[PDB]
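Okay, data-v3.pdb is below, PDB, C-alpha atoms and all ligand atoms:
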ATOM      1  CA  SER H 869     -30.323   7.033   4.492
ATOM      2  CA  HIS H 870     -28.749   9.880   2.517
ATOM      3  CA  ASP H 871     -26.979   8.050  -0.310
ATOM      4  CA  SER H 872     -26.753   8.097  -4.093
ATOM      5  CA  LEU H 873     -28.632   5.632  -6.339
ATOM      6  CA  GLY H 874     -30.904   4.720  -3.408
ATOM      7  CA  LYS H 875     -32.820   6.370  -0.559
ATOM      8  CA  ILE H 876     -34.373   3.288   1.097
ATOM      9  CA  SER H 877     -32.703   1.564   4.048
ATOM     10  CA  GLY H 878     -33.482  -0.121   7.356
ATOM     11  CA  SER H 879     -31.772  -1.884  10.248
ATOM     12  CA  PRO H 880     -33.249  -4.322  12.791
ATOM     13  CA  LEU H 881     -31.673  -5.274  16.126
ATOM     14  CA  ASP H 882     -28.365  -7.174  16.263
ATOM     15  CA  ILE H 883     -28.699 -10.018  13.762
ATOM     16  CA  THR H 884     -25.139 -11.439  13.678
ATOM     17  CA  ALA H 885     -25.465 -12.859  10.174
ATOM     18  CA  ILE H 886     -23.651 -16.016   9.105
ATOM     19  CA  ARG H 887     -21.304 -14.783   6.376
ATOM     20  CA  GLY H 888     -20.782 -11.693   4.246
ATOM     21  CA  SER H 889     -17.632 -12.580   2.328
ATOM     22  CA  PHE H 890     -16.784 -10.897  -0.976
ATOM     23  CA  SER H 891     -15.530 -12.125  -4.348
ATOM     24  CA  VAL H 892     -12.855 -10.132  -6.192
ATOM     25  CA  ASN H 893     -11.856 -10.809  -9.802
ATOM     26  CA  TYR H 894      -9.135  -9.126 -11.852
ATOM     27  CA  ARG H 895      -8.945  -8.598 -15.609
ATOM     28  CA  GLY H 896      -6.200  -6.024 -16.191
ATOM     29  CA  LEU H 897      -4.300  -3.348 -14.275
ATOM     30  CA  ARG H 898      -0.815  -1.866 -13.922
ATOM     31  CA  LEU H 899       1.214  -1.276 -10.750
ATOM     32  CA  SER H 900       4.663   0.290 -10.416
ATOM     33  CA  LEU H 901       7.331  -1.276  -8.201
ATOM     34  CA  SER H 902      10.465   0.434  -6.905
ATOM     35  CA  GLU H 903      12.760  -2.495  -5.992
ATOM     36  CA  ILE H 904      15.202   0.089  -4.597
ATOM     37  CA  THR H 905      14.340  -0.447  -0.927
ATOM     38  CA  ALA H 906      17.076   0.514   1.542
ATOM     39  CA  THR H 907      17.785  -0.118   5.223
ATOM     40  CA  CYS H 908      14.709   0.503   7.385
ATOM     41  CA  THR H 909      14.138  -0.174  11.081
ATOM     42  CA  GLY H 910      11.190   0.628  13.333
ATOM     43  CA  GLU H 911      10.115   0.164  16.929
ATOM     44  CA  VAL H 912       7.009   0.053  19.115
ATOM     45  CA  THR H 913       5.983   3.142  21.090
ATOM     46  CA  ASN H 914       2.545   2.594  22.672
ATOM     47  CA  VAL H 915       0.026  -0.227  23.040
ATOM     48  CA  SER H 916      -3.609  -0.223  24.192
ATOM     49  CA  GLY H 917      -7.076  -1.455  23.309
ATOM     50  CA  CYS H 918      -9.608  -4.050  24.391
ATOM     51  CA  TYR H 919      -9.314  -7.826  24.801
ATOM     52  CA  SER H 920     -10.134 -10.054  21.846
ATOM     53  CA  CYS H 921     -13.107  -7.851  20.965
ATOM     54  CA  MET H 922     -14.581  -5.826  18.107
ATOM     55  CA  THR H 923     -12.279  -2.796  17.956
ATOM     56  CA  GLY H 924      -9.242  -4.840  18.992
ATOM     57  CA  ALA H 925      -5.982  -3.494  20.376
ATOM     58  CA  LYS H 926      -4.346  -0.544  18.618
ATOM     59  CA  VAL H 927      -0.537  -0.390  18.564
ATOM     60  CA  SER H 928       1.418   2.675  17.433
ATOM     61  CA  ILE H 929       4.438   1.915  15.234
ATOM     62  CA  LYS H 930       7.076   4.458  14.195
ATOM     63  CA  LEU H 931       9.277   3.925  11.135
ATOM     64  CA  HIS H 932      12.007   5.843   9.318
ATOM     65  CA  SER H 933      13.125   5.245   5.734
ATOM     66  CA  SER H 934      13.635   6.964   2.390
ATOM     67  CA  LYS H 935      11.133   4.900   0.395
ATOM     68  CA  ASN H 936       7.512   6.044   0.286
ATOM     69  CA  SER H 937       5.705   2.852   1.339
ATOM     70  CA  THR H 938       7.467  -0.537   1.451
ATOM     71  CA  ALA H 939       6.560  -2.485   4.592
ATOM     72  CA  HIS H 940       4.986  -5.817   5.528
ATOM     73  CA  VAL H 941       4.498  -6.786   9.184
ATOM     74  CA  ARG H 942       4.098 -10.506   9.892
ATOM     75  CA  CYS H 943       3.693 -12.134  13.303
ATOM     76  CA  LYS H 944       1.872 -14.966  15.040
ATOM     77  CA  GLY H 945      -1.740 -14.592  16.119
ATOM     78  CA  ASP H 946      -2.552 -11.886  13.580
ATOM     79  CA  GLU H 947      -1.072 -10.219  10.503
ATOM     80  CA  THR H 948      -1.448  -6.511   9.735
ATOM     81  CA  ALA H 949      -0.234  -4.533   6.718
ATOM     82  CA  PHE H 950      -0.222  -0.764   6.288
ATOM     83  CA  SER H 951       1.296   2.062   4.254
ATOM     84  CA  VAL H 952       3.825   4.677   5.363
ATOM     85  CA  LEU H 953       5.224   7.947   3.991
ATOM     86  CA  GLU H 954       8.687   9.316   3.250
ATOM     87  CA  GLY H 955      10.781  10.278   6.260
ATOM     88  CA  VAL H 956       9.994   9.752   9.950
ATOM     89  CA  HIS H 957       6.323   9.794  10.961
ATOM     90  CA  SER H 958       3.893   8.160  13.391
ATOM     91  CA  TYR H 959       1.391   5.450  12.467
ATOM     92  CA  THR H 960      -1.265   3.605  14.470
ATOM     93  CA  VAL H 961      -2.453   0.096  13.579
ATOM     94  CA  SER H 962      -4.593  -2.512  15.323
ATOM     95  CA  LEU H 963      -3.886  -6.216  15.841
ATOM     96  CA  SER H 964      -5.734  -9.172  17.362
ATOM     97  CA  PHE H 965      -4.372 -10.615  20.612
ATOM     98  CA  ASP H 966      -5.640 -13.427  22.842
ATOM     99  CA  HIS H 967      -3.901 -12.583  26.118
ATOM    100  CA  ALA H 968      -4.291  -9.834  28.709
ATOM    101  CA  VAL H 969      -0.564  -9.309  29.373
ATOM    102  CA  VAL H 970       0.745  -8.841  25.826
ATOM    103  CA  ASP H 971       4.476  -9.570  26.230
TER     104      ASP H 971
ATOM    105  CA  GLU Y 154       0.469  -5.493 -56.761
ATOM    106  CA  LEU Y 155       1.386  -3.148 -59.635
ATOM    107  CA  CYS Y 156      -0.142  -0.196 -61.486
ATOM    108  CA  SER Y 157      -1.042  -1.696 -64.857
ATOM    109  CA  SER Y 158      -1.824   0.452 -67.881
ATOM    110  CA  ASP Y 159      -5.469   1.362 -68.474
ATOM    111  CA  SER Y 160      -6.992   3.032 -71.525
ATOM    112  CA  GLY Y 161      -9.872   4.488 -69.502
ATOM    113  CA  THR Y 162      -7.454   6.433 -67.286
ATOM    114  CA  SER Y 163      -5.956   8.380 -70.211
ATOM    115  CA  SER Y 164      -8.667  11.068 -70.225
ATOM    116  CA  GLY Y 165      -7.553  12.264 -66.779
ATOM    117  CA  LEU Y 166     -11.088  12.307 -65.320
ATOM    118  CA  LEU Y 167     -12.070   9.254 -63.274
ATOM    119  CA  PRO Y 168     -15.558   8.672 -61.828
ATOM    120  CA  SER Y 169     -16.236   8.371 -58.115
ATOM    121  CA  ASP Y 170     -16.699   4.583 -58.181
ATOM    122  CA  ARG Y 171     -12.932   4.119 -58.673
ATOM    123  CA  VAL Y 172     -12.271   5.443 -55.139
ATOM    124  CA  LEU Y 173     -12.500   2.861 -52.349
ATOM    125  CA  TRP Y 174     -12.288   3.542 -48.607
ATOM    126  CA  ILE Y 175     -11.191   0.476 -46.643
ATOM    127  CA  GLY Y 176     -13.445   0.226 -43.606
ATOM    128  CA  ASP Y 177     -16.097   2.534 -42.176
ATOM    129  CA  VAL Y 178     -14.461   5.075 -39.853
ATOM    130  CA  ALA Y 179     -15.435   8.599 -38.793
ATOM    131  CA  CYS Y 180     -13.397  11.206 -36.926
ATOM    132  CA  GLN Y 181     -14.174  13.951 -34.421
ATOM    133  CA  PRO Y 182     -12.351  16.508 -32.251
ATOM    134  CA  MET Y 183     -10.617  14.841 -29.314
ATOM    135  CA  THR Y 184      -9.360  15.870 -25.873
ATOM    136  CA  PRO Y 185      -5.861  15.145 -24.501
ATOM    137  CA  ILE Y 186      -5.700  12.574 -21.708
ATOM    138  CA  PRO Y 187      -2.929  11.770 -19.189
ATOM    139  CA  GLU Y 188      -0.448   9.004 -19.919
ATOM    140  CA  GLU Y 189      -1.542   6.903 -16.927
ATOM    141  CA  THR Y 190      -5.053   6.365 -18.307
ATOM    142  CA  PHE Y 191      -3.630   5.520 -21.738
ATOM    143  CA  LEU Y 192      -1.209   3.003 -20.221
ATOM    144  CA  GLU Y 193      -4.004   1.410 -18.180
ATOM    145  CA  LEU Y 194      -6.194   1.139 -21.286
ATOM    146  CA  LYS Y 195      -3.309  -0.407 -23.235
ATOM    147  CA  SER Y 196      -2.714  -2.929 -20.444
ATOM    148  CA  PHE Y 197      -6.405  -3.846 -20.303
ATOM    149  CA  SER Y 198      -6.507  -4.225 -24.095
ATOM    150  CA  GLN Y 199      -3.411  -6.440 -24.198
ATOM    151  CA  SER Y 200      -4.897  -8.506 -21.361
ATOM    152  CA  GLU Y 201      -8.199  -8.894 -23.237
ATOM    153  CA  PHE Y 202      -6.354 -10.365 -26.265
ATOM    154  CA  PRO Y 203      -3.846 -13.016 -25.124
ATOM    155  CA  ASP Y 204      -3.628 -14.639 -28.575
TER     156      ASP Y 204
ATOM    157  CA  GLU X 561      -6.440   2.474   9.586
ATOM    158  CA  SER X 562      -5.557  -1.142  10.369
ATOM    159  CA  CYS X 563      -5.889  -4.155   8.071
ATOM    160  CA  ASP X 564      -6.437  -7.898   8.380
ATOM    161  CA  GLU X 565      -7.511 -11.032   6.483
ATOM    162  CA  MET X 566      -4.617 -11.374   4.062
ATOM    163  CA  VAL X 567      -5.017 -13.662   1.054
ATOM    164  CA  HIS X 568      -1.922 -13.788  -1.189
ATOM    165  CA  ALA X 569      -3.645 -16.041  -3.713
ATOM    166  CA  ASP X 570      -1.721 -15.244  -6.904
ATOM    167  CA  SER X 571       1.802 -14.361  -5.791
ATOM    168  CA  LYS X 572       4.532 -14.606  -8.447
ATOM    169  CA  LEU X 573       2.189 -14.664 -11.452
ATOM    170  CA  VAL X 574       3.776 -12.031 -13.706
ATOM    171  CA  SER X 575       5.300 -12.280 -17.182
ATOM    172  CA  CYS X 576       6.786  -8.788 -17.461
ATOM    173  CA  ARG X 577       9.964  -7.487 -19.112
ATOM    174  CA  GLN X 578      12.787  -5.036 -18.349
ATOM    175  CA  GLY X 579      10.029  -2.518 -17.646
ATOM    176  CA  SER X 580      10.664   0.753 -19.518
ATOM    177  CA  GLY X 581      14.375   0.513 -18.698
ATOM    178  CA  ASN X 582      14.710   0.315 -14.909
ATOM    179  CA  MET X 583      11.647  -1.299 -13.277
ATOM    180  CA  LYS X 584       8.022  -1.501 -14.429
ATOM    181  CA  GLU X 585       5.179  -4.014 -14.615
ATOM    182  CA  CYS X 586       2.636  -4.911 -17.295
ATOM    183  CA  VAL X 587      -0.404  -6.756 -15.886
ATOM    184  CA  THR X 588      -1.473  -9.069 -13.059
ATOM    185  CA  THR X 589      -4.421 -11.454 -13.384
ATOM    186  CA  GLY X 590      -5.821 -13.963 -10.914
ATOM    187  CA  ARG X 591      -8.631 -14.542  -8.442
ATOM    188  CA  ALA X 592      -8.957 -14.207  -4.670
ATOM    189  CA  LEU X 593     -11.623 -14.158  -1.959
ATOM    190  CA  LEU X 594     -12.137 -11.653   0.858
ATOM    191  CA  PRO X 595     -13.955 -12.808   4.020
ATOM    192  CA  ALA X 596     -16.523 -10.794   5.930
ATOM    193  CA  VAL X 597     -15.353  -7.928   8.140
ATOM    194  CA  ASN X 598     -16.969  -5.615  10.657
ATOM    195  CA  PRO X 599     -18.433  -2.302   9.421
ATOM    196  CA  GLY X 600     -15.550   0.146   9.533
ATOM    197  CA  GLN X 601     -12.581  -2.085   8.700
ATOM    198  CA  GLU X 602     -10.076  -2.468   5.862
ATOM    199  CA  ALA X 603      -9.230  -5.592   3.852
ATOM    200  CA  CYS X 604      -5.771  -5.316   2.297
ATOM    201  CA  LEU X 605      -4.698  -7.208  -0.831
ATOM    202  CA  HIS X 606      -0.905  -7.528  -0.727
ATOM    203  CA  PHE X 607       0.752  -8.716  -3.936
ATOM    204  CA  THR X 608       4.126 -10.459  -4.074
ATOM    205  CA  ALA X 609       6.589 -10.340  -6.970
ATOM    206  CA  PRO X 610       9.545 -12.715  -7.452
ATOM    207  CA  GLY X 611      11.925  -9.883  -8.349
ATOM    208  CA  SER X 612      10.731  -7.039  -6.143
TER     209      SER X 612
ATOM    210  CA  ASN S 358       7.450   8.898  35.479
ATOM    211  CA  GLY S 359      10.713   7.032  36.068
ATOM    212  CA  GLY S 360      12.931   8.985  33.719
ATOM    213  CA  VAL S 361      13.681   9.930  30.138
ATOM    214  CA  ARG S 362      13.503   7.606  27.129
ATOM    215  CA  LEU S 363      15.604   7.736  23.958
ATOM    216  CA  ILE S 364      14.024   6.706  20.646
ATOM    217  CA  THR S 365      16.132   5.688  17.640
ATOM    218  CA  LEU S 366      14.728   5.204  14.135
ATOM    219  CA  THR S 367      17.786   5.025  11.859
ATOM    220  CA  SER S 368      19.536   2.070  13.515
ATOM    221  CA  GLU S 369      20.261   0.558  16.920
ATOM    222  CA  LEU S 370      21.692   2.543  19.833
ATOM    223  CA  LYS S 371      25.415   1.872  20.238
ATOM    224  CA  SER S 372      26.234   4.353  23.016
ATOM    225  CA  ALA S 373      24.907   7.732  24.134
ATOM    226  CA  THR S 374      25.239  10.144  27.052
ATOM    227  CA  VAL S 375      22.520  12.354  28.538
ATOM    228  CA  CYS S 376      22.930  15.549  30.549
ATOM    229  CA  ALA S 377      20.709  17.301  33.083
ATOM    230  CA  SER S 378      20.728  20.474  35.187
ATOM    231  CA  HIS S 379      23.018  19.156  37.946
ATOM    232  CA  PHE S 380      23.320  15.459  37.020
ATOM    233  CA  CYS S 381      24.420  13.243  34.139
ATOM    234  CA  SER S 382      23.912   9.648  33.049
ATOM    235  CA  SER S 383      25.042   7.209  30.370
ATOM    236  CA  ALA S 384      23.564   3.829  29.461
ATOM    237  CA  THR S 385      23.122   1.655  26.381
ATOM    238  CA  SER S 386      21.571  -1.731  25.637
ATOM    239  CA  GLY S 387      21.338  -1.871  21.845
ATOM    240  CA  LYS S 388      17.568  -1.660  21.291
ATOM    241  CA  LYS S 389      15.382   1.049  19.754
ATOM    242  CA  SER S 390      13.432   2.296  22.799
ATOM    243  CA  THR S 391      15.898   2.586  25.685
ATOM    244  CA  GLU S 392      15.173   4.047  29.120
ATOM    245  CA  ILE S 393      17.663   6.110  31.138
ATOM    246  CA  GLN S 394      17.084   7.194  34.742
ATOM    247  CA  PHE S 395      19.242   9.413  36.947
ATOM    248  CA  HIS S 396      17.962   8.939  40.517
ATOM    249  CA  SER S 397      14.751   8.887  42.572
ATOM    250  CA  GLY S 398      13.243  12.366  42.426
ATOM    251  CA  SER S 399      16.457  14.104  41.376
ATOM    252  CA  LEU S 400      14.858  16.133  38.548
ATOM    253  CA  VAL S 401      12.411  18.438  40.345
ATOM    254  CA  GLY S 402      11.682  21.652  38.461
ATOM    255  CA  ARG S 403      12.361  23.112  35.010
ATOM    256  CA  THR S 404      15.424  21.645  33.289
ATOM    257  CA  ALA S 405      16.657  20.950  29.761
ATOM    258  CA  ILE S 406      17.775  17.515  28.567
ATOM    259  CA  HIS S 407      20.949  17.512  26.449
ATOM    260  CA  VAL S 408      21.666  14.071  24.964
TER     261      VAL S 408
HETATM  262  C1  LIG K   1       2.381   7.497  23.038
HETATM  263  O1  LIG K   1       2.233   7.826  24.474
HETATM  264  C2  LIG K   1       0.905   8.074  24.970
HETATM  265  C3  LIG K   1       0.357   6.750  25.454
HETATM  266  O2  LIG K   1      -1.049   6.669  25.258
HETATM  267  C4  LIG K   1       0.047   8.726  23.896
HETATM  268  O3  LIG K   1      -0.935   9.551  24.513
HETATM  269  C5  LIG K   1       0.937   9.563  22.993
HETATM  270  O4  LIG K   1       0.140  10.350  22.114
HETATM  271  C6  LIG K   1       1.847   8.654  22.176
HETATM  272  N1  LIG K   1       2.937   9.415  21.590
HETATM  273  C7  LIG K   1       2.835  10.059  20.423
HETATM  274  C8  LIG K   1       4.060  10.795  19.968
HETATM  275  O5  LIG K   1       1.800  10.048  19.763
HETATM  276  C1  LIG K   2       6.376   9.586  -2.907
HETATM  277  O1  LIG K   2       5.429  10.562  -2.449
HETATM  278  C2  LIG K   2       5.674  11.885  -2.948
HETATM  279  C3  LIG K   2       4.652  12.790  -2.301
HETATM  280  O2  LIG K   2       3.416  12.121  -2.102
HETATM  281  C4  LIG K   2       5.592  11.888  -4.472
HETATM  282  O3  LIG K   2       5.911  13.188  -4.956
HETATM  283  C5  LIG K   2       6.559  10.865  -5.054
HETATM  284  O4  LIG K   2       6.390  10.781  -6.465
HETATM  285  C6  LIG K   2       6.320   9.492  -4.432
HETATM  286  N1  LIG K   2       7.288   8.529  -4.930
HETATM  287  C7  LIG K   2       6.962   7.279  -5.282
HETATM  288  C8  LIG K   2       8.086   6.422  -5.777
HETATM  289  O5  LIG K   2       5.811   6.863  -5.205
END

Written as C-alpha cells, that's how I'd like the structure from this file.
Ligand SMILES: *[C@@H]1O[C@H](CO)[C@@H](O)[C@H](O)[C@H]1NC(C)=O
Ligand SMILES: *[C@@H]1O[C@H](CO)[C@@H](O)[C@H](O)[C@H]1NC(C)=O
Amino acid sequence: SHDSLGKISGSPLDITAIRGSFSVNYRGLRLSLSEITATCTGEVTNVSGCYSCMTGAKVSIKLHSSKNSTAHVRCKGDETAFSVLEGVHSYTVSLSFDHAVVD
Amino acid sequence: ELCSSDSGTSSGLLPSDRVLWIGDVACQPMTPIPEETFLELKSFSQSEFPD
Amino acid sequence: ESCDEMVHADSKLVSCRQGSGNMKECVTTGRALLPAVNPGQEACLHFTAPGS
Amino acid sequence: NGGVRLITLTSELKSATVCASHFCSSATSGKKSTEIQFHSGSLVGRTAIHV
C-alpha cells in the first residue's frame, strides 16, 4: 500500500471485527463562536438510498442564511450534523432509517 | 536595595566578576509567525499551568 | 459527507471572559469516546456552549 | 411530471401566482416545497414559467 511511514499492508476476507472504537483526549485549543445567528429555515428536496444498510439513505437538504455554518439537525432514529456555507447552496447528507416508506 | 558607597569603585575600572547575568539565555534570528498560532500556543500554555 | 455517532460529553465546560470585546473563547478541556465506524465515514464532535 | 414546484428558502410561502403560455394558476399552503399544477397535459411544448 502506497503510504508514508509504512509500506506493508494486507487484508483477508470479510472479518467483521468486534470493536474498533477510538479514544480522544483534549489538552488545549481555541475555537471562535459567532453568537450572532439570525433567522434560518430549510427544507427537504430529494431522498434516496438503501434500507438499513452500509451506505444508508442520503437526503439532500437546502438551507439559506447569512451565517457561515451554524446548524444542528436532531431527529428520532438517527442524528446527523453537517456544515454549510454563506448564502443559498445545496448539501447532501445521509441518515439511518428503519422503514421502507420513509414518511 | 540601594547603591551603597564603595571605595573599590572609585578608580572607575571594575573587573569582569562584578557583572552578573541572571539566568542562562541565548538569542538567535527569528521568523514572524501568524497570530493564530501564537494564540493557540498561549492557550495551550495557560492550560498546562492551571495554578 | 454525512456524520453520525454524536457524543456531547463535556457540554457547558468553559470559564471564558468577555472575549476580546465582542465574543471569543479561551480553552475547552474534557474527554470523550468515539465508537467504531465503517471505512469512509465521518465522526463529528459537536460542542455546546451555555452562551452561544 | 405532474406540474411545477416552488421552493422557498427565506421563509414560508404566504401567497404566490404562477403564469404559463395560455394558462395561469395560484395556490398556497404555507410550507417550503409547494406543488402547483394547471391541468392534465395542458403544457405541451416550449413555454416559460413566470411566477
Ligand atoms: C433532486 O432531484 C433529483 C432526484 O434524484 C436529482 O437528480 C437532482 O439532482 C436533485 N436536484 C438538485 C438541484 O440537485
Ligand atoms: C465565512 O467564510 C468566508 C469565506 O470562506 C470567510 O471569508 C469569512 O471570514 C467566514 N466568516 C466566519 C465568521 O467564519

Show me which residues line ligand LIG 1 (chain K), defined as having an atom within 12 Å of a ligand atom where only C-alpha atoms and all ligand atoms count, and present them as a ChimeraX atom specification. /H:912-917,926-930,956-960 /S:362,364

Please return as a PDB file with C-alpha atoms, keeping the file's coordinate frame the residues found within 10 Å of ligand LIG 2 (chain K), counting all atoms listed in the file.
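Now in pocket-v6.pdb:
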ATOM      1  CA  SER H 900       4.663   0.290 -10.416  1.00  0.00           C
ATOM      2  CA  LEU H 901       7.331  -1.276  -8.201  1.00  0.00           C
ATOM      3  CA  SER H 902      10.465   0.434  -6.905  1.00  0.00           C
ATOM      4  CA  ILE H 904      15.202   0.089  -4.597  1.00  0.00           C
ATOM      5  CA  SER H 934      13.635   6.964   2.390  1.00  0.00           C
ATOM      6  CA  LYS H 935      11.133   4.900   0.395  1.00  0.00           C
ATOM      7  CA  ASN H 936       7.512   6.044   0.286  1.00  0.00           C
ATOM      8  CA  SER H 937       5.705   2.852   1.339  1.00  0.00           C
ATOM      9  CA  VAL H 952       3.825   4.677   5.363  1.00  0.00           C
ATOM     10  CA  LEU H 953       5.224   7.947   3.991  1.00  0.00           C
ATOM     11  CA  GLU H 954       8.687   9.316   3.250  1.00  0.00           C
TER      12      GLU H 954
END

Translate the ChimeraX specification (/H :<10) & /S into a concrete residue list for this structure, as number ranges by chain. S: 364-369, 388-390

Suppose a student applies the PyMOL selection byres (((chain S and resi 405) around 12) and not hetatm) to this structure; what residues should they get, written as a PyMOL selection string? chain S and resi 361+375-381+400-404+406-408

Between CA of residue 571 in chain X and CA of residue 888 in chain H, distance in Å (one decimal):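 Calculated distance between CA of residue 571 in chain X and CA of residue 888 in chain H is 24.9 Å.
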
Contact residues (chain H, partner chain X, 12 Å, only C-alpha atoms) as a VMD selection string: chain H and resid 884 to 905 921 to 929 938 to 942 945 to 952 959 to 964

Output for the residues just chosen: C-alpha atoms as a PDB file, in the coordinates of the input:
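The result, written out as selection.pdb:
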ATOM      1  CA  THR H 884     -25.139 -11.439  13.678  1.00  0.00           C
ATOM      2  CA  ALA H 885     -25.465 -12.859  10.174  1.00  0.00           C
ATOM      3  CA  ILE H 886     -23.651 -16.016   9.105  1.00  0.00           C
ATOM      4  CA  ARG H 887     -21.304 -14.783   6.376  1.00  0.00           C
ATOM      5  CA  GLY H 888     -20.782 -11.693   4.246  1.00  0.00           C
ATOM      6  CA  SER H 889     -17.632 -12.580   2.328  1.00  0.00           C
ATOM      7  CA  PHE H 890     -16.784 -10.897  -0.976  1.00  0.00           C
ATOM      8  CA  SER H 891     -15.530 -12.125  -4.348  1.00  0.00           C
ATOM      9  CA  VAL H 892     -12.855 -10.132  -6.192  1.00  0.00           C
ATOM     10  CA  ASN H 893     -11.856 -10.809  -9.802  1.00  0.00           C
ATOM     11  CA  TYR H 894      -9.135  -9.126 -11.852  1.00  0.00           C
ATOM     12  CA  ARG H 895      -8.945  -8.598 -15.609  1.00  0.00           C
ATOM     13  CA  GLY H 896      -6.200  -6.024 -16.191  1.00  0.00           C
ATOM     14  CA  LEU H 897      -4.300  -3.348 -14.275  1.00  0.00           C
ATOM     15  CA  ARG H 898      -0.815  -1.866 -13.922  1.00  0.00           C
ATOM     16  CA  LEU H 899       1.214  -1.276 -10.750  1.00  0.00           C
ATOM     17  CA  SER H 900       4.663   0.290 -10.416  1.00  0.00           C
ATOM     18  CA  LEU H 901       7.331  -1.276  -8.201  1.00  0.00           C
ATOM     19  CA  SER H 902      10.465   0.434  -6.905  1.00  0.00           C
ATOM     20  CA  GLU H 903      12.760  -2.495  -5.992  1.00  0.00           C
ATOM     21  CA  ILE H 904      15.202   0.089  -4.597  1.00  0.00           C
ATOM     22  CA  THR H 905      14.340  -0.447  -0.927  1.00  0.00           C
ATOM     23  CA  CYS H 921     -13.107  -7.851  20.965  1.00  0.00           C
ATOM     24  CA  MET H 922     -14.581  -5.826  18.107  1.00  0.00           C
ATOM     25  CA  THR H 923     -12.279  -2.796  17.956  1.00  0.00           C
ATOM     26  CA  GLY H 924      -9.242  -4.840  18.992  1.00  0.00           C
ATOM     27  CA  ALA H 925      -5.982  -3.494  20.376  1.00  0.00           C
ATOM     28  CA  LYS H 926      -4.346  -0.544  18.618  1.00  0.00           C
ATOM     29  CA  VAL H 927      -0.537  -0.390  18.564  1.00  0.00           C
ATOM     30  CA  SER H 928       1.418   2.675  17.433  1.00  0.00           C
ATOM     31  CA  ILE H 929       4.438   1.915  15.234  1.00  0.00           C
ATOM     32  CA  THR H 938       7.467  -0.537   1.451  1.00  0.00           C
ATOM     33  CA  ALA H 939       6.560  -2.485   4.592  1.00  0.00           C
ATOM     34  CA  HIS H 940       4.986  -5.817   5.528  1.00  0.00           C
ATOM     35  CA  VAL H 941       4.498  -6.786   9.184  1.00  0.00           C
ATOM     36  CA  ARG H 942       4.098 -10.506   9.892  1.00  0.00           C
ATOM     37  CA  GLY H 945      -1.740 -14.592  16.119  1.00  0.00           C
ATOM     38  CA  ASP H 946      -2.552 -11.886  13.580  1.00  0.00           C
ATOM     39  CA  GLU H 947      -1.072 -10.219  10.503  1.00  0.00           C
ATOM     40  CA  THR H 948      -1.448  -6.511   9.735  1.00  0.00           C
ATOM     41  CA  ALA H 949      -0.234  -4.533   6.718  1.00  0.00           C
ATOM     42  CA  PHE H 950      -0.222  -0.764   6.288  1.00  0.00           C
ATOM     43  CA  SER H 951       1.296   2.062   4.254  1.00  0.00           C
ATOM     44  CA  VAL H 952       3.825   4.677   5.363  1.00  0.00           C
ATOM     45  CA  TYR H 959       1.391   5.450  12.467  1.00  0.00           C
ATOM     46  CA  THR H 960      -1.265   3.605  14.470  1.00  0.00           C
ATOM     47  CA  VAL H 961      -2.453   0.096  13.579  1.00  0.00           C
ATOM     48  CA  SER H 962      -4.593  -2.512  15.323  1.00  0.00           C
ATOM     49  CA  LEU H 963      -3.886  -6.216  15.841  1.00  0.00           C
ATOM     50  CA  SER H 964      -5.734  -9.172  17.362  1.00  0.00           C
TER      51      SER H 964
END

Taking 3 positions as the minimum chain separation for residues in the same chain, which residues sit within 8 Å of residue 371 in chain S when counting all atoms listed in the file? Answer as a list in words. residues 385, 386 and 387 of chain S

List the residues matched by the PyMOL selection byres (((chain S and resi 360) around 8) and not hetatm) in the displayed structure as a ChimeraX atom specification, ordered by chain and then by residue number. /S:358-359,361-362,392-395

Between Y:163, Y:202, Y:177, Y:192, which has the minimum distance to chain X (counting only C-alpha atoms)?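 Of all the options, Y:192 lies closest to chain X.
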
Within 9 Å of chain H, which residues of chain Y are there when counting all atoms listed in the file? Please give them as a list in words. residues 192, 193, 194, 196, 197, 198, 199, 200 and 201 of chain Y
